[PDB]
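All values below were derived from every heavy atom in this structure, side-chain atoms included, with hydrogens, water molecules and symmetry-related copies excluded. Below, chain A is the first sequence line, B the second, and so on; all start at residue 1. Order of appearance sets the numbers: ligands from 1, and atoms from 1 within every ligand.
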Amino acid sequence: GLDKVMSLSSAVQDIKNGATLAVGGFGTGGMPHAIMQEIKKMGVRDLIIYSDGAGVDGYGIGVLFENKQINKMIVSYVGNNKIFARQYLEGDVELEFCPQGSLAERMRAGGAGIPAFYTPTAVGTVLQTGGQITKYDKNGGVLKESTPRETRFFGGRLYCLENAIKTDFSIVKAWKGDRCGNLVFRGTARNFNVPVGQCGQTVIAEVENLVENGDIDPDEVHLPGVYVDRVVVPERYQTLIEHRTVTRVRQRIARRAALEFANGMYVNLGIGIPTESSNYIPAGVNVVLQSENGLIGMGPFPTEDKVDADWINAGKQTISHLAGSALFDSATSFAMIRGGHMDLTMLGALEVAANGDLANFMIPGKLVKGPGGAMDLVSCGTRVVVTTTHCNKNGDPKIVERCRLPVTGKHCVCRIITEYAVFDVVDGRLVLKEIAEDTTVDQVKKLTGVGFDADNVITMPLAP
Amino acid sequence: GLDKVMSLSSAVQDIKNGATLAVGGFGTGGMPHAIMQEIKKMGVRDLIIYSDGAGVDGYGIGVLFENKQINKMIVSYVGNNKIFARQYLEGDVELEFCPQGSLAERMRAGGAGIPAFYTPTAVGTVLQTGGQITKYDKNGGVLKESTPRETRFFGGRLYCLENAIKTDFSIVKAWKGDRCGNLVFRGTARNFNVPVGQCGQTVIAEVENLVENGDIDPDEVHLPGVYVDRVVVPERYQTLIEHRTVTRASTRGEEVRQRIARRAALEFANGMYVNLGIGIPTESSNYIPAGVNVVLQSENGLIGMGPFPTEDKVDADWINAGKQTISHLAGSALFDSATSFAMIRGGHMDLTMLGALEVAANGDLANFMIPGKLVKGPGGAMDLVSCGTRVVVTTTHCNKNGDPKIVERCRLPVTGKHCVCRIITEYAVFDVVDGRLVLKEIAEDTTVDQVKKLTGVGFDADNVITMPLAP
Amino acid sequence: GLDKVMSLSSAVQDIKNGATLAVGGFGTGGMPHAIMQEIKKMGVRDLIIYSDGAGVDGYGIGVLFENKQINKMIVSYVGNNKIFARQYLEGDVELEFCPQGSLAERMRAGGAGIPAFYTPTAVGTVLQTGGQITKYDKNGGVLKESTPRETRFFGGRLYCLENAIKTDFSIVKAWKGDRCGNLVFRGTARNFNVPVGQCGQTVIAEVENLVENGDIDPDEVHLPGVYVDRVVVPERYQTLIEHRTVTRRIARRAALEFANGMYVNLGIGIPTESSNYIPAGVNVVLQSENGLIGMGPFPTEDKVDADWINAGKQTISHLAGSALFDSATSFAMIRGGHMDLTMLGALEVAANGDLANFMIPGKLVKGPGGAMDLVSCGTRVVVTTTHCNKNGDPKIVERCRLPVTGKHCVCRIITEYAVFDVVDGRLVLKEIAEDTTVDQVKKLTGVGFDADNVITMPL
Amino acid sequence: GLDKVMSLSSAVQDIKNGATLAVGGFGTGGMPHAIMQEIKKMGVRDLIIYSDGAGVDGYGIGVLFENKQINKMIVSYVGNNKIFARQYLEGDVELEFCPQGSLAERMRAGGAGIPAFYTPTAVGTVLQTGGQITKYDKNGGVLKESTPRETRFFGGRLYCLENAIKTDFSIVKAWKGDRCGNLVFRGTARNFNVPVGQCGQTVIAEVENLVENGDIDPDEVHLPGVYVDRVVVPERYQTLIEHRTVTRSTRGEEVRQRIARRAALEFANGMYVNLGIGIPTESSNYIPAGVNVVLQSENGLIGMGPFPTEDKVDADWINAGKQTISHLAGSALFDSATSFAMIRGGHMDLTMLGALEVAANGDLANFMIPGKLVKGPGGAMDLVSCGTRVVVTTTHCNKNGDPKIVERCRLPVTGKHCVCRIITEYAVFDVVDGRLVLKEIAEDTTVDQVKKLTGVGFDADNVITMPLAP
Ligand SMILES: CC(C)(COP(=O)(O)OP(=O)(O)OC[C@H]1O[C@@H](n2cnc3c(N)ncnc32)[C@H](O)[C@@H]1OP(=O)(O)O)[C@@H](O)C(=O)NCCC(=O)NCCSC(=O)CCC(=O)O
Ligand SMILES: [Ca+2]
Ligand SMILES: [Ca+2]
Ligand SMILES: [Ca+2]
Ligand SMILES: [Ca+2]
């Protein structure tokens, strides 16, 4: 039928200065790095790029900071990208954070003819009220701040209005495509590529394998080719693996956390301490691990023989998969999260509050990380268990009356597990349920930043 | 891993009187017929069902009317179902129409934690303003009317608000499932089963084929098993074919439809993705010239639809919008109904051609007769004409009555507003240009002055050529 | 203190081509005609005018049609104005209808920093959905249609969103002003002058009387002077009386509708004559939407007055306990449901109770006026009409052929017979004339009904 | 005509436990104290009251606290009510603040059939975002917080949604009414009585003077009688005057005076102005001759004069600080809906007020501190979030040396991006493209001391010496 195959230079020649790009990829998996390299060679400037993150130094989108071809990034996660973090802090780049599920669904909405939609993600955070620094001056001052989101009540709960993202170009990467643009992706490298593929006016797909029309089973197409304008088939190149991970008080906190697992739960684990609770699950408890970049049935690190760059986790570490696992795109992944289909989420934390409040995304000025999917995980109805050390690395209490750092979520934590104690957030205040070791409740009183109404208290169990 | 397999009777035993159900299927394609039979057997009443359609007589949802187990249908289409029609007209059942694309996306929004969203579909129509007859009384008077829709302007255009649908139960059918619930569908029998699978508190999947966890390639899963609660594997059965249409003009009226088709066929250009309504628009696909390559989209979730299949190829999982068995060409892709109408509502078709009861110089389009007269349902048409993209109406110039079909403003209920770009009739081609009509072409067998007589508004008639036809 | 008095010609000399004006007045009452005369003199073109109506031929705004100085009228009623109707039908003027209470509240909003607000008025009518012809071509064909309104649910009910109106100029008239611009109005000549005076960048008031600052009691100002930029004092003229009505139906069957202590509204049309038939010891208060309660019958000859008129521009008297208020307050009163009964004239009415009484497309050009506000508040509704139009055809029918004023709103039936009612969305027939039959009635142009408890009439 | 006259006791007898009441009055002016007295005699409990303020100790609404007859207050201001302060703090009473203008317009919208409307007032403040403490528990903990407001963009600016207020009863005071309920108010005692009178299901009006139908000029009824259900004529009583102010030094006063005399140069002839109590009001006393301005008081007056002489004090003529006030030639009265329509629609040429904190942003904090004070928004939020020129006149630092002028407010904000100029005893600053430009300094100081006394950087390239009005 149709033939949209085209060379790499003619595919991207239409990109003017000032142009808007949506770019697929999660870390490096599914990041169309050949195409970015071509956008670099041709020297376009003042790009506005929407994408999950900004790749990494010397790869994908990260390439385009070098000659400063980027005016503004709209992004969920900065990741391992020193140059992006540098160009932000000293005023070369405008950085707009968007929660990852909101970004994905805004792209899908822009492809789907939906000008706006509602979500509980980000409500009462600085991403809804405005006044996060989007741009700085050359000498450290605030130049631009994020504009607020509108809000509406539905069934007595407040939601954010999100706007369709529609770009001049959308740049995707797939394992396989035919000449009329049907695409098949592999592993967690699908991610944003589906909704990015839907939201651009001209969409350019780099395929690792070009086939004839008729060779893709119509029932296993991931992105129908109606969405694709130009197909490019670059020189084959290894996909960058950030953390090539294989298997031949953090642990202590993790073990108490293992007891939160119930048999038959679908769970989402955040990067640090919550991933470690995974190791300590008792043998009689079976759960399905979901990774936000688009997988249920996440396995542990693979054997050396089996490492695949297309199979990575939320922390950009190579991963295996268990029996009955399933892959899906970033729009469906946060449908599933925002929809409440996880039975449990566990997250890291910079700060947590008797309010039910949590701060885990940015330290103003000092650490720029982004919300990732944390604002979507905390804002759905799912039980949230924060796993953190009791105090700051420099001894400050992490549990307090009101949060001092920008909040990831408002009224959203159900339980707090620390190495010392465990608290349940009850009716807006902290109640102490467990404590461990030599440490007494007395010790818990000054380590903590707030008082707790504790008629009862039990001793803290752990996992073998 | 997990095992969610159950017998057919354990699966449905906790569905209690008054339950809301979302049910999968488009016509009989992907209609969980076996779960519906069991729901008849256990005799539950006052049910509220959300589905694309209402089933046909004696199949799927249609089975539940026999003992009057249904209180309310929320639907895009009725069509073939006679028992339903009688029941509606006698006051036995409430019938609430919803645009098909809005129905699929509302189920999706329900599963996705999205309380509401916006769409240009149904704007300015009776489904926006309220007053479609939803319930009759027991003596043919109006008991209930449709609730209206809120609307809001974005970027100068008007949009309807649509609310998430969440049901107590969802009933889906799949070609294949595993024990932890991952489903793989076959053909256009996917359709509503994906969003329906997402929006229920308890989701029940009937599978033609059960396999073990690990037997399905993670990359080929269509509904992740997190969505599915209960999987049932009933005795194998033939999915009912509504219209067994196969491949192997003789009348005056059929020649006027052939003439319009032969003109509509010159609207195709190379590289177009098209949606053709059944009838003339679909018939024009048979006169596409040899160099021109187009791809047909079916709203039930296919691109690359081919002609009726040969007798050796008929397949119940492959059907079109009119429930006719179809083939498929090289480069074909299947997708679910949420994606299908994302594709449509997002303007990804380069050409959308359909018929009309009445079309206006506005560019407004009507496809439904006076309400309370005869019942149709919006189907996907409202979604199709709101696409923001090239709409071409192919229809006869006048009713058999002599009454014009092209008029100043619609007297019939509007399908969509300010959406038609071109009108093709057996006598003329009109363009809609800044809300006014321009005569571009006339057939060999008329003159301009007769076109004037035959049309219920004036038009710009300064540059008119003779209408050409595909061979 | 401040002195804003100007000559007439200086006050308006800076109005530029294509300027938007808001103009006070209801018919001719409170219509700043001397200012409209000066604007004609100075020849300005392509004007966009927000006003309740457009005056009348040869008066107020009517004057500006003569040299085709107006491009667009945003209005609730045309009134007895031939040249406005003519220029509309001939493709000379754009005419955008706006319900009267919305028009008044939108002007208050634009002066009050409220960008938008919600009202039930016009929901489900052709003014919400677009499709009211706003501009014709020179040959009788459509060219522009009204752009639709957004809607939203609050408490289960649907409301329209109305946008604030802010104009370059506001033109008002008052009985009395001081030098710092404090205005005092007289009779029902207040009407839109208050909200009009609040919504302009530059607001100009013609006063019939100029007094010094200090001569107006602070407690008696109707439009505080802050709102007024320029006060002009023309040579005194007679305000035009369209219908000089004097003494020397309330419904024979709707008399019963009236209790003691009711506040009742009478719309333009047959309702107005009813003020002259109030029973002697019944005790109700009549409301006129141009801004009165305590309306009475037509005045005696020595007491007629162009500042006391009713909705139909007839001269009126007022009873003890009367209160005058502006059009913003008048429609808040109505929209908020403080009337116990309303009664309206009709073009046609339907059996389901939805009613149409505001226009027939391309032929009778009238406007919604306050009708759309009156039908969509909480208040009991009753229609009064001839049984047939002048062509001898039914005025009562099954469903409305003509555009609706509002849906499922009419409860009463006075014509040359009566009684029907709507309960739970359907009509229940309540009374039968004399000992005559259901069958005459059953030959209802519209529908089936409950005949289980029918009864004889109290007329 | 109609006759709605009744005795006091039979008019209030229909009020049941748990009833919502809208209550007119601003301070004590136009407060229906005799009806409040009667609601206390009849003993009804669990009341929810919407009113401008919470009354004062032992008068109007203050009387109801004595026997814990009140569950909830929705007000714009708390002020000199000690019973209520304690009760709020000890968990006996819920307190929801509403900006005064939004409160008035909500009541009007209630009476006017408008379920909701938009306003720039309170956008980006704790009154939009939620988290005002509304109810304590019995031991100093938080029990309830305020629910957020919805927001919407119109022409690229964000607005708050406000919902109609509809109460079971509305209670109003008027100088004069007739038997059919037409009411005439006097002085600034009109205020909320107009919109309160429109929003209640049953409205009850105490009148100081009853007259017959036909005794009031129909052209000068303030509240038409269709809004009134019951009229009541108590025994005549003197209205409590909170502050009897009349017209017939230290270093701290010298600072405020210098600030006042610079602020006086902000006035130009023909301006209508709203002046905060304190330094901004003081500044009107140094207006150069031949500069004429009209002062507006948010309780419903333009043309406010200085304090009255002893023979002309009048409880019905007070300002926003509830001080007795005179009026000048060409003054006008209006109700509180119209007051805030006038403010919110930008019809002041200049608004001047104090501040606890002001930001290089133009952001201003001057209404609250969590858990440490309750005053309420009052009219300040409305006054600063229309597009009118706002000038902040305030001392440069706190008495401890903490700067009041900072990069970003730590204190809860009153308005977002709204201050144009800041006048202190040391410096004048303009807010320009979201940062501070130092325009002037006192003869008393240096550019280097103001750098040290202010908590942000600023452009100090074109500084001039600060002039003063004589
Ligand atoms: C009241 C009406 C319906 C007019 O009705 P009347 O009571 O005068 O009845 P009428 O004299 O029998 O009819 C008036 C004219 O309508 C024509 N007519 C009546 N029925 C007809 C029909 N079926 N077909 C064609 N023409 C018809 C008659 O010829 C007559 O014109 P001829 O006699 O000339 O042949 C109209 O003014 C109207 O309602 N306008 C909308 C405003 C409204 O309803 N107001 C309520 C609030 S008051 C208001 O809003 C207006 C405020 C303002 O004026 O600014
Ligand atoms: Ca494209
Ligand atoms: Ca479930
Ligand atoms: Ca002005
Ligand atoms: Ca009442």
Side-chain angles (χ1 to χ4, degrees), chain A residues 2 4 11 14 22 110-111 166-172 180-181 196-205 223-231 264-266 288 336 339-343 381-382, chain B residues 2 4 14 22 110-111 166-172 180-181 196-205 223-231 271-273 295 343 346-350 388-389, chain C residues 261-263 285 333 336-340 378-379, chain D residues 2 4 11 14 22 110-111 166-172 180-181 196-205 223-231:
Chain A
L2 305 181
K4 312 182 172 153
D14 295 350
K166 290 154 73 45
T167 48
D168 307 318
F169 301 85
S170 276
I171 316 296
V172 303
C180 77
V196 168
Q198 285 163 187
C199 82
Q201 197 167 291
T202 299
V203 355
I204 306 151
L223 208 263
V226 56
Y227 294 116
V228 177
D229 285 288
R230 304 174 185 170
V231 186
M265 289 179 158
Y266 292 81
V288 172
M336 179 187 308
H341 300 259
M342 300 299 99
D343 301 292
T382 295
Chain B
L2 300 163
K4 302 170 169 176
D14 62 343
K166 299 171 59 55
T167 52
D168 300 327
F169 299 88
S170 283
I171 320 297
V172 302
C180 81
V196 166
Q198 304 188 131
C199 73
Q201 212 67 223
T202 297
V203 2
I204 308 172
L223 205 249
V226 65
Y227 291 120
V228 177
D229 291 298
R230 307 188 183 167
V231 354
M272 277 184 169
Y273 292 77
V295 178
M343 183 180 307
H348 299 264
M349 294 302 94
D350 301 290
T389 231
Chain C
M262 288 188 154
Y263 291 83
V285 178
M333 186 183 297
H338 303 273
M339 298 300 90
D340 303 304
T379 298
Chain D
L2 304 178
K4 290 150 170 179
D14 291 315
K166 278 116 85 78
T167 48
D168 299 314
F169 294 89
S170 280
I171 321 292
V172 299
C180 79
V196 163
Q198 308 180 143
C199 75
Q201 178 160 321
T202 307
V203 356
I204 306 161
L223 212 243
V226 61
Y227 294 118
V228 173
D229 290 296
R230 295 169 192 190
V231 11

> Any donor-acceptor pair under 3.5 Å linking the side chain of A:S170 with the backbone of A:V196?
Replying inline: yes

> Which distance, rounded to the nearest 0.5 Å, do you find between the CE of B:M272 and the CG of A:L2?
Replying inline: 12.0 Å

>> With rounding to the nearest 0.5 angstrom, report the CD1 to CG distance, B:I204 to B:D229.
In response: 8.5 Å

> Taking only residues two or more places apart in sequence, or in another chain, which ones meet B:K4 in a side-chain hydrogen bond (donor to acceptor under 3.5 Å, both in side chains)?
Replying inline: A:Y266

> How many angstroms lie between NZ in B:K166 and CD in B:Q201, if you round to the nearest 0.5 Å?
Replying inline: 5.5 Å

>> Please report the interatomic distance CG(D:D14) to CZ(D:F169), rounded to the nearest 0.5 Å.
In response: 5.5 Å

> If waters are left out, how many protein N/O/S atoms lie within less than 3.0 Å of the Ca ion (ligand 2)?
Replying inline: 2

